[PDB]
Visitor: 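For reference, the structure I am asking about is given below.
Convention: sequence-line order gives letters A, B, ...; per-chain numbering from 1. Hydrogens, waters and symmetry mates play no part in the numbers below; they use all other heavy atoms, side chains included.
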Amino acid sequence: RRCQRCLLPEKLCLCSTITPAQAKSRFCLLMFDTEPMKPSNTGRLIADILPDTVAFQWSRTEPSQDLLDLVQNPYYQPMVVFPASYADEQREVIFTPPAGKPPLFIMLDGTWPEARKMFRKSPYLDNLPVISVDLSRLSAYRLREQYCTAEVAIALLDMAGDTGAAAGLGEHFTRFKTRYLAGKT
Amino acid sequence: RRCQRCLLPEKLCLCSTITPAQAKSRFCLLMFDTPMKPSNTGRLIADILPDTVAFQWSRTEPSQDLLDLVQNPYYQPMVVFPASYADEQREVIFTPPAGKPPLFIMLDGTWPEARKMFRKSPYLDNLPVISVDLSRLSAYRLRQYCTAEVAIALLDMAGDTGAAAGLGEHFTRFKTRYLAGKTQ
Ligand SMILES: C[S@@+](CC[C@H](N)C(=O)[O-])C[C@H]1O[C@@H](n2cnc3c(N)ncnc32)[C@H](O)[C@@H]1O
Ligand SMILES: C[S@@+](CC[C@H](N)C(=O)[O-])C[C@H]1O[C@@H](n2cnc3c(N)ncnc32)[C@H](O)[C@@H]1O
Ligand SMILES: [Zn+2]
Ligand SMILES: [Zn+2]
């Protein structure tokens, strides 16, 4: 009764509406559980609009070597997307994607206690900059300026100059949330 | 808090999504009254087919513009109502005839309102009643049926598949946002 690709009740299936976009930015979803994707999980909306998004199962002791190879690939400028109130005094915090190299935005995908734990117990992320997100930019896409993973990504895409992809994901996100609420009725 | 044109909350306003279509068929909305409730679906027809006409129904004095339209021999006018209500002598058809463009007269009200309109309208009595083949909704992945759903099936019955599909997609979009607005 639910479509397996978009996870909505089959009558509200939005798969035919999906139009991918292009962006200089790249996302990496670091997932706490990778359990059978819950419909309310907005992180997966990002990969619908930006199919080059990567996702990794998080692991406290044995991090995947694909993940290590990505976050260490000097082609990207990687950053950890998490609220700056969590970072320690010595941690570099930035407020803009830096200039020059394409950003790799590392999103901590889980509940808040799970994402906090991921933030504190992942040594391969510890020397990366934290990007504090400018959520006021959601207004330019007519979204309410915590915030879910797809809303942060929209702000990040806008912060990087990727306005086509930001608008694309905003429309996709709104479309999902509307149909999700409808199928709840 | 509600958009005045599409009647949904401003956050869910669909007005920018509306793409009008063209059709050989034409609709005439007969309304027991005209503020409108958001749940009324007859207004959706006009969004997709902007040549739709609507008239406020009256028992005593029908407006002359409505009398002029329904007697205009350019059209083949039809009263859209379930055939189980028609008189033994009432011409009932199951297909829009061919040749002259159809003019589909929809009785837009509640079922008690639509029935009184059907029975107490002398200017509609010589017109044929078209019984609607609702199974055609399957071709548009749809499905008492509401006004806009009956209009989709009539459009498909007439060969107006582009506008049938346009109205189906507009109808689903409104119904989804309407439901989402009831939640949250
Ligand atoms: C805790 S998860 C919540 C997941 C949500 N249930 C969903 O739809 O996927 C939200 C993640 O988005 C990012 N995020 C949320 N709010 C943020 C903020 N204010 N500043 C920086 N990143 C934020 C962080 O990566 C955070 O871990
Ligand atoms: C009773 S109104 C429903 C009003 C509803 N609140 C709305 O706005 O959609 C439905 C109208 O569509 C047409 N209709 C509905 N079901 C029909 C059927 N089975 N056969 C022929 N016409 C039908 C008739 O004109 C009827 O008056
Ligand atoms: Zn789907
Ligand atoms: Zn509107």
Side-chain angles (χ1 to χ4, degrees), chain A residues 3-4 6-8 12-23 25-31 34 37 39-57 64 66-82 94-100 102-109 125 128-141 143 145 147-170 172-180, chain B residues 14 16-17 19 169 173:
Chain A
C3 161
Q4 250 60 15
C6 71
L7 304 182
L8 289 159
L12 297 171
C13 175
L14 55 58
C15 292
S16 78
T17 64
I18 300 180
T19 51
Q22 297 196 64
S25 305
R26 193 177 197 153
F27 292 87
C28 168
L29 307 189
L30 190 59
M31 299 169 138
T34 326
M37 285 298 289
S40 53
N41 181 319
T42 66
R44 65 196 191 80
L45 306 184
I46 301 178
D48 290 335
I49 303 313
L50 298 176
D52 73 334
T53 299
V54 293
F56 293 102
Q57 53 306 311
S64 138
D66 288 2
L67 170 64
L68 296 183
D69 288 345
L70 183 70
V71 303
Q72 290 159 12
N73 189 336
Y75 172 84
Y76 302 95
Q77 180 49 244
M79 43 205 113
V80 181
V81 185
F82 213 59
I94 60 177
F95 296 91
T96 305
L104 181 68
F105 297 122
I106 298 174
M107 324 278 284
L108 301 187
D109 188 19
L125 308 183
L128 301 178
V130 178
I131 178 140
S132 148
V133 183
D134 175 20
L135 289 150
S136 65
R137 295 169 173 273
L138 294 178
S139 307
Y141 306 95
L143 308 187
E145 81 249 71
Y147 301 80
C148 70
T149 303
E151 274 165 330
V152 173
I154 295 167
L156 289 164
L157 287 168
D158 184 74
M159 289 167 62
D162 288 321
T163 57
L169 179 57
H172 187 46
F173 172 60
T174 291
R175 176 164 304 123
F176 170 76
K177 189 157 199 174
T178 302
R179 294 184 187 204
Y180 179 76
Chain B
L14 50 69
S16 74
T17 70
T19 53
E169 173 208 304
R173 178 168 297 136

Visitor: Assess whether side-chain contact (heavy atoms from CB on, under 4.5 Å) is satisfied between A:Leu30 and A:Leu125, documenting all intermediate values.
Guide: CA-CA 11 Å; A:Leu30 190 59; A:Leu125 308 183; 4.0 Å; yes

Visitor: Closer than 3.5 angstrom, by distance alone: can the side chain of A:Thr42 be matched with the main-chain N or O of A:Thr149 as a donor-acceptor pair?
Guide: yes

Visitor: So, do A:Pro97 and A:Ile131 sit near enough that their side-chain heavy atoms are less than 4.5 Å apart?
Guide: yes

Visitor: Specify the closest pair of heavy atoms between A:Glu145 and A:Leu135, including all atoms of both residues, with the distance to one decimal.
Guide: CB-O, 3.5 Å

Visitor: Validate the cation-pi geometry between A:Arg26 and A:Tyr75: distance from NZ or CZ to the six-membered ring centre under 6.0 Å, angle to the ring axis within 45°.
Guide: no

Visitor: Looking at every heavy atom in both A:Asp134 and A:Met159, which two are closest together, and how far apart are they?
Guide: N-SD, 3.6 Å

Visitor: So, for A:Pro78 and A:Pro129, which heavy atoms are closest and what is the spacing to 0.1 Å?
Guide: O-CD, 3.4 Å

Visitor: Got a second to check how far A:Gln4's CD is from A:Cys13's SG, nearest 0.5 Å?
Guide: 10.5 Å

Visitor: If you look at every heavy atom in A:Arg137 and A:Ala155, which pair is closest and at what distance?
Guide: CD-O, 4.1 Å

Visitor: Do the side chains of A:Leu70 and A:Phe56 get nearer than 4.5 Å, heavy atoms only?
Guide: yes

Visitor: Measure the spacing between CD1 of A:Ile154 and CG of A:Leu138 and express it to the nearest 0.5 Å.
Guide: 6.5 Å

Visitor: Could you go step by step and tell me if A:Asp66 and A:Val54 meet the side-chain contact (heavy atoms from CB on, under 4.5 Å) rule?
Guide: CA-CA 10 Å; A:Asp66 288 2; A:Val54 293; over 6 Å; no

Visitor: Can you list everything that forms a side-chain contact (heavy atoms from CB on, under 4.5 Å) with B:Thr17? Sequence neighbours excluded, please.
Guide: B:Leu14, B:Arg173, B:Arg177

Visitor: side-chain contact (heavy atoms from CB on, under 4.5 Å) for A:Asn73 and A:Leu104? Distances and angles first, verdict last.
Guide: CA-CA 10 Å; A:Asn73 189 336; A:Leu104 181 68; over 6 Å; no

Visitor: For A:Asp162 and A:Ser25, indicate whether the former's side chain and the latter's backbone hold a donor-acceptor pair under 3.5 Å.
Guide: yes

Visitor: Show the numbers, then the answer: is there a side-chain contact (heavy atoms from CB on, under 4.5 Å) between A:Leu169 and A:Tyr141?
Guide: CA-CA 10 Å; A:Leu169 179 57; A:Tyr141 306 95; over 6 Å; no

Visitor: Under the side chain to side chain donor-acceptor pair (under 3.5 Å) test, which residues partner A:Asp69, sequence neighbours left out?
Guide: A:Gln65

Visitor: Between OG1 of A:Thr53 and CD1 of A:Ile46, what distance do you get to the nearest 0.5 Å?
Guide: 6.5 Å

Visitor: Given side chains that start at C-beta, do those of A:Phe82 and A:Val152 come closer than 4.5 Å, heavy atoms only?
Guide: no

Visitor: What pair of heavy atoms forms the shortest contact from A:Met107 to A:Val81, and how long is it?
Guide: SD-CG2, 3.8 Å

Visitor: So, taking the atom named CG in A:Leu156 and the one named OG1 in A:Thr96, what distance separates them when rounded to the nearest 0.5 Å?
Guide: 11.0 Å

Visitor: What distance separates A:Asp52 CG from A:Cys28 SG, expressed to the nearest 0.5 Å?
Guide: 11.5 Å

Visitor: For residues A:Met37 and A:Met31, determine if any side-chain heavy atom of one lies less than 4.5 Å from a side-chain heavy atom of the other.
Guide: yes

Visitor: Is there a side-chain contact between A:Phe27 and A:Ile49 (heavy atoms, below 4.5 Å)?
Guide: no

Visitor: Find the distance between CG (A:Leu12) and SG (A:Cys3) and round it off to the nearest 0.5 Å.
Guide: 10.5 Å

Visitor: Do you know which two heavy atoms are closest between A:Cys6 and A:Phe176, and how far apart they sit?
Guide: O-CE1, 4.2 Å

